[PDB]
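Residue numbers (PDB author numbering), protein chains in the order written: chain A, 4 to 361; chain B, 4 to 361. Positions of the beta carbon are idealized from the N, C-alpha and C atoms, including for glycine.
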Ligand SMILES: *[B]([O])([O])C1=[C]C([N]S(=O)(=O)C2=[C]C(S(=O)(=O)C3=[C][C]=[C][C]=[C]3)=[C]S2)=C(C([O])=O)[C]=[C]1
Ligand SMILES: *[B]([O])([O])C1=[C]C([N]S(=O)(=O)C2=[C]C(S(=O)(=O)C3=[C][C]=[C][C]=[C]3)=[C]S2)=C(C([O])=O)[C]=[C]1
């Protein structure tokens, strides 16, 4: 634990925790490829359980990065193609608005306005079918980006159909296990409930509620150690043995669309490095990250760029997460909290830390 | 070499040499990853110099597969992007018709009708510039594929621009050398002239003549063992130590475009395996291969497919070549002759051999 890293992390995080009134937090800095952990506060306030390197946190939409890589792995396996029509994998989706909507569009939120949330009324496979059949796009495919669980969520469910495996079974078998993420779950096992931190919203202990496509859009829970390992994997996919998984990670970091100084990947979002702090800090604010924005197509997509600031924010009703890394510097960071707080604060703290380490 | 291979090669190639009256020939069959060589006739009729594993043949447009991989390597290095306008690498190309024409278009013959040949009168950099500034499109970019030295030739020249290296130096240091192709040259040095075979056209001995963008479009000369090595590298790039070259080879085999049952890559052309022999055999006829055909964009490109028949025909006034391989079966073949005989005959022979072997 070099003092250099120790000081910047504590000087940055300590004030953050107090200002935002965060109950518990865990941080990992990947420096020169090695991980360094830090923890604060409580996982369970009621029974004074502290946050440890084994505490499980709800990742919220950071889960989308796993979904993007799983999809990319299915592509490398030749099971699917981003160029394939959404109907090729779900024939019963006969409504005319689907005609030219591809898996690429679903994966990158550019299908034409799929909604941020899948209605709570949707549950059955049938209910899900009606939802997408009755949906009316606002724009043509590939013209505008609208962040949505309905898009990437569907991408995830369809990308695994050729496998014959459940989305969960495919994730654990093709991503979790190969990478040694032995404490990363879509469904928390009874044996791990003791490590499952509680989330806090308005002082109440809460856990994410079940919902259609939850696993594919915001259902993963992990530890700071597994997330650090997840970061190292995305930092240097070349060190991964499973050929298709190595390839899947590279595809998830490719640049498919551009809006402003931001590039959309599969789950991951990227910006050229050196990046402008204000661009990423102010860009993370929901009011901006959730808005409808026209996109320019990158034809063909740009293969993962080493000199990039790769990241993803994530939240549930009671948790707030953030992951960011720079492949070219072999530097990265993970911040997990059992309190949902402003994205700008997360990104500012991460920037302050990584910029200080180079 | 196993009698299975010796048997099918001897019964297929020897009759071919007799029928086409080929002076000299070299064939290499890659079986289960290992190469086996066969040679016939003379490299130099007068002086009766035999064809050996050290004989250099002019590859013709098979050179385009090298240009494609060098281009792919430059992409992997982050020096260029296929999405970028052609004018970004050639600020001098200001004519309005070039707006919208990207490196991708140049590399895949989809620019809009760039001519098959660069006029013989065009020599200087000055001649080249006004030639391109004066070119007028037959179609809009990205709509029709017209095989041409003018397109891929310019792609090659611009692709190495960022490196500051010459095309020959870039190719030598980034492709030939890392793959141990120690007897492959763009410009044959004095010490290798005794191994440089003569081509034959109407009985007269001939060598390819100099021309604008020749190096980038049809200027490579190689031996049968170097080419077998080239096939092995393209068969399984995961065995290549140089990261960017490994990726560059995989990029050259990606499917950017589709016309009929064939897909256009960077230099390489591919078809799904199993393939209809009649398709590739008749499709090889220049009456077809040199004709414009509408293309369907593959958005985004499909990463190199293992179950593919990958190939490329090549010829000069005195030479005829052919290379083809099937990644999924670690099977491939190289055919070099110092006589330019019909493409369909080359492809039929090659299909007879590989189909008998797998
Ligand atoms: B992702 O973290 O960007 C994300 C995830 C979800 N699904 S969820 O069930 O995890 C919930 C998140 C919230 S929230 O208040 O953090 C939020 C964040 C952004 C936009 C709206 C609400 C409450 S439940 C959603 C979702 O369900 O809308 C959105 C984004
Ligand atoms: B490529 O082999 O498909 C190719 C190469 C060239 N350049 S070249 O200077 O090597 C010449 C080739 C010929 S040719 O008669 O073998 C031929 C082959 C295929 C199509 C047309 C002509 C004569 S010079 C060219 C070119 O036009 O210079 C075309 C294709």
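* Tell me, please, whether the CB atom of residue 313(B) is closer than 8 Å to any CB atom in chain A? => It does not: the Cβ of residue 313(B) has no partner Cβ on chain A nearer than 8 Å.
* For residue 361(B), collect the residues of the same chain with a Cβ closer than 8 Å to its Cβ; drop the 5 residues on either side in sequence, then sort them by chain order. => Within its own chain, the residues whose Cβ lies closer than 8 Å to the Cβ of residue 361(B), once the five positions on either side in sequence are excluded, are 329, 332, 334, listed in chain order.
* Asked: Whose Cβ in chain B lies nearer than 9 Å to the Cβ of residue 302(A)?
  -> What residue 302(A) touches in chain B: 85, 86, 105, 107, 145, 300, 302, 303.
* **Cβ-heavy atom distance, residue 116(B) to ligand 2, below 7 Å** => Checking the Cβ of residue 116(B) against ligand 2 gives no.
* Asked: Within this structure, are the beta carbons of residue 224(A) and residue 69(A) separated by less than 8 Å?
  -> Contact flag unset, no.
* By the criterion of Cβ-Cβ separation under 7 Å, what are the contact partners of residue 77(B) in chain A? -> Within chain A, not a single residue places a beta-carbon under 7 Å from that of residue 77(B); the smallest gap is close to 12 Å.
* To do: Answer yes or no: does any C-beta atom of chain A fall closer than 8 Å to that of residue 266(B)?
  => Under the Cβ criterion of 8 Å, residue 266(B) is not counted among the residues facing chain A.
* **Run of the beta strand (DSSP E) containing residue 77(B), from where it starts to where it stops** => Note, residue 77(B): premise wrong, no beta strand (DSSP E); alpha helix (DSSP H) at 66-79.
* Whose C-beta lies closer than 6 Å to the C-beta of residue 149(A) among residues of the same chain, with five residues either side of it excluded? -> In its chain, beyond the 5 residues on either side, 112, 116, 295 have a beta carbon closer than 6 Å to the beta carbon of residue 149(A).
* To do: Return the CA-CA distance between residue 369(A) and residue 186(A), expressed in angstroms with no decimal places.
  => Residue 369(A) falls outside the range modelled here, since chain A spans only 4 to 361, and no answer is possible.
* In its own chain, which residues sit with a C-beta less than 6 Å from the C-beta of residue 352(A), not counting the 5 before and 5 after it? -> Excluding residues up to 5 positions away in sequence, 15, 19 lie with their Cβ nearer than 6 Å to the Cβ of residue 352(A) in the same chain.
* Per DSSP, residue 313(B) is paired with what? -> Answer is 273(B), 328(B), bridged to residue 313(B).
* In chain A, which residues lie with their C-beta within 9 Å of the C-beta of residue 192(B)? -> Here the premise fails: no neighbours, minimum Cβ distance about 35 Å.
* Asked: Since residue 207(B) sits in a beta bridge, which residues does DSSP pair it with?
  -> Per DSSP, 204(B).
* **Run of the alpha helix (DSSP H) containing residue 22(B), from where it starts to where it stops** => 6-23 is the extent of the alpha helix (DSSP H) around residue 22(B).
* **Host beta strand (DSSP E) of residue 39(A) (start-end)** => Looking at the DSSP string, the run of the beta strand (DSSP E) that includes residue 39(A) is 37-47.
* Asked: What residues are listed by DSSP as bridge partners for residue 299(B)?
  -> 261(B), per the DSSP bridge assignment.
* **Anticipated Cβ contact below 8 Å, residue 218(A) with residue 189(A), distance rounded** => Your pair residue 218(A) and residue 189(A) checks out as a contact, with CB atoms roughly 5 Å apart and the cut at 8 Å.
* Buried or exposed for residue 99(A), please, with buried defined as at least 16 other CB atoms from any protein chain shown within 10 angstroms of its CB. => Looking at its Cβ environment, which holds fewer than 16 other Cβ atoms inside 10 Å, residue 99(A) is exposed.
* Give the single residue among 267(B), 181(B), 316(B), 262(B) whose Cα lies nearest to the Cα of residue 249(B). => Here the closest residue by C-alpha is 181(B).
* **Partners in chain A for residue 308(B), counting only beta-carbon separations shorter than 8 Å** => Listed along chain A are 81, each with a C-beta nearer than 8 Å to that of residue 308(B).
* Asked: the region 225-254 of chain B: which residues have C-beta closer than 8 Å to a C-beta of chain A, in chain order?
  -> With the criterion set as a beta carbon lying under 8 Å from some beta carbon of chain A, the members of the region 225-254 of chain B are 241, 246, 250, 254, in sequence order.
* Which bits of chain A does residue 40(B) rub up against, with CB to CB less than 8 Å? -> Chain-ordered listing is empty here: chain A has no CB closer than 8 Å to the CB of residue 40(B), the nearest sitting near 30 Å.
* Spatial distance of residue 322(B) from residue 350(B) (CA atoms) -> Distance between the alpha carbons of residue 322(B) and residue 350(B): 15 Å.
* Asked: Counting Cβ pairs, one atom from each stretch, are 3 or more of them under 8 Å apart for the region 305-321 of chain B and the region 300-320 of chain A?
  -> Fewer than three pairs of CB atoms, one per stretch, sit closer than 8 Å, so the region 305-321 of chain B makes no contact with the region 300-320 of chain A.
* Asked: Taking Cβ-Cβ distances shorter than 9 Å, what residues in chain B pair up with residue 259(A)?
  -> Those within 9 Å of residue 259(A) in chain B are 303.
* **Sequence-distant residues of its chain with Cβ nearer than 6 Å to residue 43(B) (five each side left out)** => For residue 43(B), same chain residues with a beta-carbon under 6 Å away, outside a window of 5 residues either side, are 20, 28 in chain order.
* Asked: Nearest to residue 203(B) by alpha carbon, out of 63(B), 273(B), 47(B)?
  -> Closest by alpha carbon: 47(B).
* To do: Locate the beta strand (DSSP E) running through residue 33(A), then write down its first and last residues.
  => Element bounds for residue 33(A): 27-34.
* Quick one: is the Cβ of residue 221(A) within less than 7 Å of any heavy atom of ligand 1? -> Flag set: Cβ of residue 221(A) near ligand 1.
* Check whether the Cβ of residue 166(A) sits closer than 7 Å to any heavy atom of ligand 4, and report yes or no. => Ligands in the displayed structure: ligand 1 and ligand 2; ligand 4 is not one of them.
* Asked: Taking the beta strand (DSSP E) that residue 320(B) falls in, what are its first and last residues?
  -> For residue 320(B), there is no enclosing beta strand (DSSP E), as DSSP gives it neither H nor E.
* To do: Classify residue 241(B) as buried or exposed, calling it buried when 16 or more other Cβ atoms lie within 10 Å of its own Cβ.
  => Counting every other CB atom within 10 Å of its CB across the protein chains shown gives residue 241(B) a total below 16, marking it as exposed.
* Identify, in the order they occur along the chain, each residue of the same chain with its Cβ nearer than 7 Å to the Cβ of residue 141(A), setting aside the five sequence neighbours on each side. => Closer than 7 Å at the Cβ level, and outside the excluded window around residue 141(A), lie 115, 116.
* Asked: Out of curiosity, what's the CA-to-CA distance linking residue 211(A) and residue 79(A)?
  -> Their Cα atoms are separated by approximately 32 Å.
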